[PDB]
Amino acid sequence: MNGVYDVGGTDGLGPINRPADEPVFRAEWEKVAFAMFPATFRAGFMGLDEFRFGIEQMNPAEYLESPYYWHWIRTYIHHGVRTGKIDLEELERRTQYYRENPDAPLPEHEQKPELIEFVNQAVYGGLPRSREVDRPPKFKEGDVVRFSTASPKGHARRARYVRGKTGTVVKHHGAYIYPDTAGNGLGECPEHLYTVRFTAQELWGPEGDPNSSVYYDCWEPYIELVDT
């Protein structure tokens, strides 16, 4: 989608706010939001691409100034409601309850061994998105290609600042889950993946740095041949 989350090349957003140091987690609530990512993925709330798409559908004023891990909460709520795993009205009543009783206990529950096995397996082993496909790669290192001008209304990895631009394939990485389908509930449909190089003057015009290039990863349907 053409969401404001896609901020590459956006002007006017301000200076960087960077403390000299910071903890991994700035408040207990961030640990909770972070651990919910594997909990919610295993329960079938959504996929990695759907995860991104729910952050992208946020209120953009909210997206632009909220603490980062609040984006994760939003996408949890979004997919819980859509799959009916989360009753929004019960969520509201609970929020009020904990506004007024912030130290109130959590509900009682069994600890689950398998949720720890899953955490340890994902973290150390990985959740790879590489896939085998039957078709061979359309493109190869050194081919000159042009990024699509398409503007899908659903989830896609098509930063507005690379659409219509011309680059050189630099590396073929194999095939991977295609976000244009996976993030819209349409399955993995894996596609061959490429790193394409763009000069800054191709991207920004004469306002681009004369000695700078940007490498952006494109799935095969994102690009078509200009020159071998």
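One rule holds for the numbers: they count along the sequence shown, beginning at 1.
- Relative to its counterpart among 45-53 and 155-163, 45-53 has the higher mean temperature factor, C-alpha atoms as listed in the PDB entry.
- The PDB entry records a higher mean C-alpha B factor for 130-138 than for its counterpart among 70-78 and 130-138.
- Annotation for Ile16, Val24, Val214, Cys218: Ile16 ranks highest, by Cα B-factor.
- Going by the entry's values, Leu91 shows the largest Cα B-factor out of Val145, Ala122, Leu91, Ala150.
- Sort the chain's modelled residues by C-alpha temperature factor and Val7 lands in the lowest third, per the entry.
- In the deposited entry, the Cα temperature factor of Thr168 places it in the middle third of its chain's modelled residues.
- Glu30: CA B factor in the lowest third of modelled residues in this chain (values from the PDB entry).
- Ranked by C-alpha B-factor against the other modelled residues of its chain, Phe198 falls in the middle third.
- Split the chain's modelled residues into thirds by C-alpha temperature factor. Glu108 is in the lowest one.
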